[PDB]
Structures are given as structure tokens and as C-alpha cells.
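Written out below as C-alpha cells is the structure these notes cover.
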Amino acid sequence: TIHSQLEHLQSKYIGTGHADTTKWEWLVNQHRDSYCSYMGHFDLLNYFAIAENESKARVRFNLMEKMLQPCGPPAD
Amino acid sequence: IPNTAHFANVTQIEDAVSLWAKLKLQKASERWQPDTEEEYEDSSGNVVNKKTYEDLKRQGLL
Amino acid sequence: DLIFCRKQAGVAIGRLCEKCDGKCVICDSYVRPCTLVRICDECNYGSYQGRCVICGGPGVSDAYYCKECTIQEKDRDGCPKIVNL
Amino acid sequence: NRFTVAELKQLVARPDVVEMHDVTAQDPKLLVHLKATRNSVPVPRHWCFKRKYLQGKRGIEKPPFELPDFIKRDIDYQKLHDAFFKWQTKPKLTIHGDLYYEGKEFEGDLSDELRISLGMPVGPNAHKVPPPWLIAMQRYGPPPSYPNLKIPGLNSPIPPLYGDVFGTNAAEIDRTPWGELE
Amino acid sequence: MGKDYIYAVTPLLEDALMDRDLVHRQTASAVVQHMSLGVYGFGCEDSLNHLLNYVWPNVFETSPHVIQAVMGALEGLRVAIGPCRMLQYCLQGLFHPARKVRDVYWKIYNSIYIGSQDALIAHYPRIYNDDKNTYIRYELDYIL
Amino acid sequence: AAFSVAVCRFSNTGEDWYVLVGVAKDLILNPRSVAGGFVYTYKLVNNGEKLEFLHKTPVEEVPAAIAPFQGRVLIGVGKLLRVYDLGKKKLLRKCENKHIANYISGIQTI
Amino acid sequence: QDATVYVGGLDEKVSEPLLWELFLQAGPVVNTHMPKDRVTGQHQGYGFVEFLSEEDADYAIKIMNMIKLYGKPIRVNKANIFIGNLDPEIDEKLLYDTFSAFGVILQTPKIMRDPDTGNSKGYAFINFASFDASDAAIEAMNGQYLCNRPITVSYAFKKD
RNA sequence: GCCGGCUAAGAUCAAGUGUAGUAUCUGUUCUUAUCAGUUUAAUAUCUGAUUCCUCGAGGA
Ligand SMILES: CC[C@H](O)[C@@H](C)[C@H]1O[C@@H]1C[C@@](C)(O)/C=C/C=C(\C)[C@H]1OC(=O)C[C@H](O)CC[C@@](C)(O)[C@@H](OC(=O)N2CCN(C3CCCCCC3)CC2)/C=C/[C@@H]1C
Ligand SMILES: [Zn+2]
Ligand SMILES: [Zn+2]
Ligand SMILES: [Zn+2]
């Protein structure tokens, strides 16, 4: 049953998929962990804050605000 | 219409001719056609008229 | 019913018995032990204080992950104690 | 409420990657788009077969194992070690996307042996010894398929010719690599 | 120590991976896994990609031991070869019409995703916006 | 918004130096949108101390890279790679490749 | 078939890349084909060289005609008396001109060809006007030195 | 495998033997048929309906 437990733990981790995963879930997952990776890495945030001419605190707050509904609301 | 991988699993005539029109338009668009795509400035005024194509330049230099 | 515990591991060190002394808990390899095993608090309590993580007999020495499991960061999951249901 | 092959071929930017079953997917537009990514080798092609990935034909009966050339040329001292690490060559390797499948295992200069079997003598120092195919080229003219080819007697001088080289192709920078060991 | 001997055993592993016997392919997969985790940071990616080209067709195997060895070899190649190559091998099957292909590919993808979730950020392919939803990541298109 | 700059000489002209500046027009970053682009040309006179405007050539996308090349200039106009010669009223398009993937961010020539 | 040239008269020293290497100076030979036998498993002396253009095949047929390759009369072409072991460089008109010195020919001769390539099989059949020309061919031509190929003339049908 | 075919290309349902595990063998049958539903990437599968000829018989 070790394989079955692995199949239950892999499902538990947030961001994993399965044969019924849609395009929307996949894309919002990669957008969300992209925003978290931007918040983590110090020189990517530097790049963005120089590009759009904003303070780094403002870019961080904008990314956190975008975290809620990236890619718009779902289908139907 | 040539036999290529694009025209596979296509069994009807009009579908084939329409997809051929589409592929023709796409490829003909994405090539580099120097005859109509080029900017020559003939020495007729030599400081004006850069809208000359590659054919009007020969007509002016003939 | 050979299932890992996979709970948050604490400060308790995993133990191995005389039969399992050189073994790796995850892949059962014997080559290059690399990382000390940690177990959760419910696996280390009362009568469960010193016990083999593989079988459950009286522990005699420290349990280790192998270098192969350490490279793949398989020491970062929960408690690796084998628990039967 | 599902596309047809020709209808979906009209929507996509790359119709030649569309296949029979592609119209039966839950999201064919994303499937065809991922099939066109500028990488990403395709599926192993035997998912729809019914022969368990091992074809029982093609005559797989063959030699067991051919060792490399370095294999053949105490048992051997550090000198034969030197030999094994001087003779070591890189084998043939396939690049990133070349998956294997059941079938894909079977599918002016002349050599000295052919010149010895044909009855042609060796090249002299200063004389004219043409091949018998050069008389037709001297009579009719140079071949239009290879105008840059040179033959001794017609375009190349007689003193040229050296060994088995009876012809040379004459086609009408800073190439040194940057960081390399000395 | 194996970094000097991968070129010598590659044709033998090729032969063993083309074989019909199941133990042959299972053991060759085990060898690939141990070799991959043995050389890591030593620049042996050519032979390992070549061998992945022969290991990958075995993902549609029903025998449990063979598929276990194949998963082990894939997770070793995830470390030695990198997650970008693995994602490139999984992309076209993630959304296949057949449910078997989707199950296998999503298992492999989840294994690739749980380890090195952060690196995958730089490897995802571009996906265009539709009428309803925005999918382009615009920040990465900035040019200083 | 200026994004590229180059100093070069053109073969059809003499030993005069020119400065080319690539400029975007009404660029939005998120969502990305641009109205167009321009290439400015200056003559760089008085022993390299003064710039004097010569003309201004419109392009349909942001020119992000400009590189001198064999007596002419290469320009990356968004996805497009073009060759440009100097003219009396604008820059004259000479050659073009249209198969580069997404967006040209740099051009280098040996 | 037009861009490909059929070569005849190849010995055991000639191989499949050897013909492409020898025909590389004449033109861009794209592929070489050698049909293997069923009893021996080797080439029967006849092969094909598929080039890119028809002019290269014409130059190879006009340059490598009646050549002595590997001790064999190799020749390239556009892809009751019995004569055996004849050279493929000769044609029907050439065989009719060679047979006109002994006796008078009744009609144009015919040469057998392979069902796969169609250039030359190895045997031919020719009919004379009278039996005196057949006896002169069996006395003189049956064993005469042809173009690097010992031919053998024999009677196709004889009644005891 | 041999020169498109000779039914060794697949599925299935009962029983026997045996392993830690995989398995191995026998009888079979294989719809030669149609429609509707389930389902399958598509098959498959399952769920239901559906007088004549010949020499007392057989076949459709
Ligand atoms: C596939 C083979 C099997 O799994 C087999 C090992 C096992 O199934 C049997 C059962 C059993 C109990 O008989 C196994 C025996 C165990 C062994 C032969 C291992 O030996 C030991 O346990 C001895 C002890 O635990 C530690 C010795 C040690 C450190 O050498 C250990 O091996 C290593 O860690 N290595 C491997 C790496 N090697 C190099 C050498 C350079 C510097 C040291 C580290 C790198 C050093 C030695 C044991 C090897 C045997 C496989
Ligand atoms: Zn381990
Ligand atoms: Zn124990
Ligand atoms: Zn625990």
C-alpha cells in the first residue's frame, strides 16, 4: 500500500495534477508559484522594480494582490 | 495539391482546397519577397521619393 | 500495510536494531550512510522510546539515510518510521 | 459537439501535427499547441498498439555483443592502462529527442584496393597516366555537375598526382577556440 | 569514480534495453539510476540523454517491478540531467486523449514537480491568452 | 522611450559618423501594448561633440537592437530582423527574416 | 528511372559505397542500390546509382561506359543462337554490327534483361539467315575475345 | 517465420498445477448476424429488442 500512500501524498502537495486537470488549474498554479518565486528571489524583484519604476515594497504588494485571482475567474 | 503531412486524415475535396488556400496564404506571407518588399530611392530627385519599389526604379533608370 | 508515518519530524533520533544496523530506512541500501534520521514525537514516547524504525525491535545504533536518498532530498519528508495498520 | 479533423486543421497555426485522435481530447486546442512547442519529443508511438512493445519479427536473431575497438586494441599493467585511455573514443550518441522504437535498428579520389583490382598503375613522377574515364572527359569536356573538379592533364598539372589522389576539388576569421588546455 | 567509465558501458546498456526479457530492462534501468546519481556535476549529460532516449519507451509497462525501476531511473535522471529535459519529455503527453497516457504522464510530472518546484518556473512554455482568461506572464517579458 | 543606440558609418556615404536611436511609442507593460516605434538618425559632427537631427523612420514595433553590419545596419523590430541602408529621407529596408520566435532582445555579429 | 543509371559488370571487389565513391566525380550520386541474390546472398554484378539530376546520369553513362572496374567490364546505361557471358556495354545495334561480319542477320537481335533492373541479364539470343552463319559463329565467335568478357555462342535447339 | 496467403497476430469463461512474486497447461467458444443504451482515444465489452431451398431429415 506504500505506492497508494505515495499517490495520496502527491495529491496532497499543492500544485500536482492528474488525468482530469484542466488548462485553467495548471495555469493558475504556475502563475501563483511564479509570483511566490518573484517574492523570494531578491534580484528578480530588483529587475521588475527597475523596469516599471516603482519601489520594491509596492511591487511586492502588487504581487500579493495579484495572488488572489490570477488568469481571471473560472469557466461556466 | 501536393501530398504532405498537412493533408492527412482529410478525406473531402472542398476541405482540402480550403486548407490549401490557407497554407498558400500563410507560406506566401511569411517569405521574403524582394520585388514588392524593398525600399529604393531613385536618383531622379536623389533627395526625395523613397517610396519607389524594385520595379519603378528600373523604369526610372532605363 | 508497510506505510511510512510521514508526520512532522522532531528532535528525536531514529534507532536501528542489531539486524537492521547498516540499512537505509527508505531504500534498504547498505552503501554510504549520510544523514541522521529524525522521528516525530508520537513515535518516540513511553514504550516506543528506543525502537528500530524498520522493524520495531530494541534499538542499538543510529538510523541513517543513504547518500543516494540525501541527494534526492528524500530526507525532507515526514517521519520515516514504518507503521502497520 | 466535437471538432472534425479538417475543421481543427483550419484553426491551428500548424496543421501537420494534428492526428486522428486529436479531435477526441478534452482540450484539443491546448493539445495541438503543446504538440507544436519548439522542443518536447512526442509520445512513444506504441500506446495504441497491441503487441506489448516487443515486436516478434524483423529477425532480432543476431550477434550477442560487439565490444568496442578499445576493448581488444598480470593481465595488463599501467602501460596497457595508458593504451586503454589513449584509445578511448566517444561512441555514437543520439540527441535529446531521438526516441527508440521496435523497428529503428535495421532501417576524384579512389581507393587503393579498387585501383589495384581495376588494373590501374600507380602515379608516376612526371608523366601522363590518366584513368580510362578521363579520356572521355578530355574528349567531350568537363562535367557540368562538378565544374570545380580538377583532373591532371586537363586542368591540373602533371608534376597534381600523388599516390591514389587522381583529382582535387577547388571551390571558388580567427578560427582558434578561446579557452583550451595547452 | 564512475565518471570515466560511462562511455564504455553505454552500448551494453543499449543492447540490454532493446531486449525482450523483462529482467534485462529492469536491471538496465537500475544501472541507469545508479550511474545518474553517481555522476552529478561532472558533465556527463550526453550519454545520460542518449540512455534516456532508450529508457523512456518503457513508461507504458504494466509489470510492477519494471515500472518501479523505470520510475527510479527517471528520478535519478531528474537530478543528473535536470528538470527542464523531463518537462520537455512530459509536455506532449500531459493532455493526451487517452486516459492511460494521461495517468502515466501526470504521475511522472507530479514526481518532477514535488522535487525542484522552483526551477520549473524558468522552464514552462508560453501559453497564449484566450478570450476569457489571461495566461501570458508579462513580467518576464520586460526588457531593461 | 529609447531602448537601443548605435554609432556607425555607412558605405554609400563617406567617413561620416551617425548615431541611431530606437524608440518605442506608447508602450504599456502589463498587459503589454505598444503603438509603434521610431528610429532617429543624427550626424555626430564637430569632432564627436554635437548631434544634429537628420530624419526619423517609423516602424511597426519596438526596435530593441541595432547593430552595424558590413557598411549597413541590422535592426530587430520586435519579432523581425531587418537590414537597413542610409537614405536621404529615411532608412531603406533591404532584407528581412521572419522566422525568429518571439522577440529580438539582442544582435551580435562576427 | 531517368535520373538513375544502371551499372552492369561489377566484380566482387566493387561494393555499394564504392560505386557511389567512383560515381561522385561524374555527378551527385544520391543513393546506390545493389540487389542481393537468394542462393548466394551477394550482388549479381548489376546495380543502380540514383543521382540528383539527369545530366549527371547522362555524363556518368557517357564517361563510365565500357570501363575496366575490378577486372570487370563495368558500364552505365539509362535505366537459333544463344550467346552467354556478354558485356553490358554493347547494344542491339552494336551486337548486330558485330554479328554482321560473320554472316547475315535475319532481323534485329534481342538481349535478355532482368525483371528488376532491366539493363542486362547476361544472355542474349540471335538468329542467323542460314546454318552456315550459325556454324561460322559456333566456330569463330564461340570463344572470340570481346570487350573484356569471354562470350560463348551455342545452339539454342538441335535435333539428333 | 516462408514464398497477399497458408487461421502460431488478440480477447475470453471453467478447471488443474505451483510460487514470496510472475506464472504454466487443458477444454473450449469466438459473435461469421442487425438496431438502441453504457463505455472505449477509437475498437471491444456489457445491458435489451428483433418463411424459403435441397434430399421425415439438413441448411438458410
Ligand atoms: C545489492 C547488494 C546487496 O544489497 C547487499 C549489499 C546486501 O543484501 C546483502 C545483505 C547483507 C547484510 O549481507 C549485506 C552486506 C553488506 C555489505 C556488503 C556492505 O558492507 C557493510 O555493510 C559494512 C559496513 O556497514 C560499512 C562499510 C562500507 C562503508 O564500506 C559500506 O560501503 C560504503 O559505504 N562504501 C561505498 C563507497 N566507497 C567509496 C570509497 C572511497 C571513500 C569511501 C566512500 C566512497 C566506500 C565504501 C559497505 C558496503 C557493503 C555493500
Ligand atoms: Zn536510501
Ligand atoms: Zn530491525
Ligand atoms: Zn512518525
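Order of the sequence lines sets the chain letters (A, B, ...), proteins ahead of strands, with each chain counted from 1.
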If the glycosidic angle sits within 90 degrees of zero it is syn, else anti. Tell me which applies to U32(H). syn

In whole Å, what is the span from the NZ atom of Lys100(E) to the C1' atom of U43(H)? 13 Å

More than 12 heavy atoms of other residues, nucleotides or ligands under 6.0 Å from CD of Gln68(E): yes or no? no

Pair partner, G5(H) [Watson-Crick or wobble, under 3.5 Å]: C2(H)

Starting at CZ of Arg99(E) and ending at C1' of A42(H), how long is that distance when rounded to a whole Å? 15 Å

note: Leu31(D), atom CG; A41(H), atom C1'; distance rounded to Å ~ 11 Å

Should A9(H) and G10(H) be reported as a stacked step, that is, with six-membered ring centres less than 5.5 angstrom apart and planes less than 30° apart? no

Measure from CH2 on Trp47(D) to P on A41(H) and round the result to the nearest Å. 8 Å

Find the partner of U24(H): check Watson-Crick (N1-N3 plus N6-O4 or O6-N4) and G-U wobble (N1-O2, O6-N3) distances, both under 3.5 Å, and reply none if neither fits. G16(H)

Whole angstrom value for the distance that separates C1' of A41(H) from CZ of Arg102(E): 9 Å

Test salt bridge (charged side-chain N to carboxylate O under 4.0 Å, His left out) on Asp130(E) and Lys29(D); report intermediate values, then the result. CA-CA 11 Å; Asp130(E) 61 56; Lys29(D) 285 180 176 179; over 6 Å; no

Can you check the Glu19(D) CD to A42(H) P distance for me, whole Å? 16 Å

Measure the distance from NE2 on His46(D) to P on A9(H) and round it to the nearest whole Å. 20 Å

Closest nucleotide among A41(H), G21(H), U43(H) to the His65(E) side chain: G21(H)

Quickly, which of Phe95(E), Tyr113(E), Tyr135(E) forms a ring pair (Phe, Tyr, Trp, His ring centres under 6.0 Å) with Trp26(A)? Name it, please. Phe95(E)

Over how many whole Å does the gap from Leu22(E) atom CG to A23(H) atom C1' extend? 12 Å

Does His24(E), at its NE2 atom, have more than 12 non-hydrogen atoms belonging to other residues, nucleotides or ligands within less than 6.0 Å? no

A49(H) and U34(H), Watson-Crick or G-U wobble pair at under 3.5 Å for both distances? yes

